[PDB]
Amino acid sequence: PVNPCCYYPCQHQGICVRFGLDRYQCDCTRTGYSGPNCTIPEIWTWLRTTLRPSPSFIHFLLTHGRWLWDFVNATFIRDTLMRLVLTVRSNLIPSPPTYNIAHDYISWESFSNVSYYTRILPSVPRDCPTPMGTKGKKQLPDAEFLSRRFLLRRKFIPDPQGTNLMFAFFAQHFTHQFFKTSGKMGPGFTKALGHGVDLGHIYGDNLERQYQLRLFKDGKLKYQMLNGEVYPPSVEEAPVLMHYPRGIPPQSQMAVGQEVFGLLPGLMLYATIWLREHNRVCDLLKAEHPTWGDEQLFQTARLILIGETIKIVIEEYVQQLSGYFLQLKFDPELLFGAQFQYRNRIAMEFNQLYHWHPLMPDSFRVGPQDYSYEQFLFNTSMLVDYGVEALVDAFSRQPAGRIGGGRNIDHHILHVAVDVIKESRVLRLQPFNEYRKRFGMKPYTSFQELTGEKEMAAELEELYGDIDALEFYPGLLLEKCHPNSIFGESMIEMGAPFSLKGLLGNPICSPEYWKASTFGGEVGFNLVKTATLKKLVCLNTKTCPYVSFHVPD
């Protein structure tokens, strides 16, 4: 007989378990539903469904009416809604984590082995009639053809929200601490064992690397003085594994936490900033505690930087991304009266979701100059040539592309998106519509409804066959955006649960850790509480340039 779990019969987070030769069962425990497929609502669930307004309506509320949002932000209601946003989003994410690439069920190996990426939905069973489950054709559309006809940028479509490259290089820098897909272990495995905001892109994913980057004096990391400016040390000074083109002199090579950060001047930009901040923090701690050893000066500074990161990510990064009129607030105290797990494991779907390559432009403007991909990529001198001030100013001024909408990835880095779809099929991700149902959305009934247009939608119908066969990453990028927004509903409704759970899931946000002593008295605590992007750059640079996640207009 055929595998019945290929039909995804279990609704609203119910678990499909195969019993006997030809039967199956759904485990509807705490799903809010009863019945063989978990489609029969309990009194409380029915009372919530016909009173829950559509995700588009709630977006509309958050993006309109400046007058009432000014009132809300200046009252207690700011905290109420921030607590509401945090809980409701994160409660979609299983914690402790549930499945992985090896196991489409709960196991001890899935809990303990942190080298795995986790998954919210199980993979499409290996014995299903069609690659995506039961719907569609026996062979999925060509990955290269799909990227060429639907993802390749014709003309540059700029982001309507005013997102800049300063955001884009932050987005890449920040995420590369919890996205480190293994080379030797293959797909579904991660080198980033911290599984979140651990700053292993600054300190490293292991102790051997960390010790090698540390100066072991005053808690600082090693550095070099070039033209009177502070930069990460050379590989000769800090002998760590760094990915560079075979030939580049070791004098030009810079040693940082993440191995791929020397490839782009934008990545090595922030790496330099955070390094300068770390030592600046250490100087504030050594004054406060002159009896403190190097190790305490180091570890305490790290936690401050971790706190600063989450502060800026929530209140500035996610703020610009969402375009919400609600002034987002980083306050761990909000979740102290609630049932919240202070742990996090990175999901593969989040890894797939965060591929925001449409952000990258056609070229890179630095003042009167205009640098192409073949001038900007692997360039080692640029960062030192222009300096931190001059580059931050240029990245904060240049607009980034629109993520959603489709056909917005520059031809250079299109190969990446091709791999993402190929990787998706190795991982055996479920269809787009099943992830829609998992995140409390209605599945798309037609290809028309996904893209919101006639032409590109009708072409996909011919290639996929059935809408319930549309793939995870294509669906996300092909979906119509919100009125004047950077992407569609799915990117918000699916990404936020992963995102906010990752931020507030950090142990520093727990009642046990969120104390003044953790950060070395009140000084270190205020450093977290009052951190800003503007403060992160200018308190570490000679002059103060234009710095923001949005273009100046």
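What we label the rigid core is the largest C-alpha set whose atoms superpose within 1.5 Å from one form to the other. The numbering used is simple: start at 1 and walk along the sequence shown.
Here the rigid core sets the fit, and in 5 other deposited structures of this protein the C-alphas of 243-251 stray farther than those of the other stretch, out of 386-394 and 243-251. Relative to the displayed structure, the C-alphas of 88-96 lie farther away on average in 5 other deposited structures of this protein than those of the other candidate, with 88-96 and 130-138 compared after rigid core superposition. A summary of the deposited B-factors shows that, of 92-100 and 134-142, the stretch with the larger mean C-alpha value is 134-142. Comparing 501-509 with 44-52, the stretch with the higher mean C-alpha B-factor in the PDB entry is 44-52. The maximum CA B-factor among the listed residues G307, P332, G387, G194, taken from the PDB record, is found at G387. Of the candidates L328, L84, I312, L414, the PDB record gives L414 the highest C-alpha temperature factor. Per the deposited record, the Cα B-factor of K529 falls in the lowest third when ranked against the other modelled residues of its chain. For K515, the recorded CA B-factor ranks within the lowest third of the chain. Only modelled residues enter the ranking. When the modelled residues of the chain are ordered by their C-alpha B factor, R302 lands in the lowest third. Ranked within its chain, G32 lands in the middle third, by CA B factor from the PDB record. The PDB entry assigns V114 a C-alpha temperature factor belonging to the lowest third of its chain's modelled residues.
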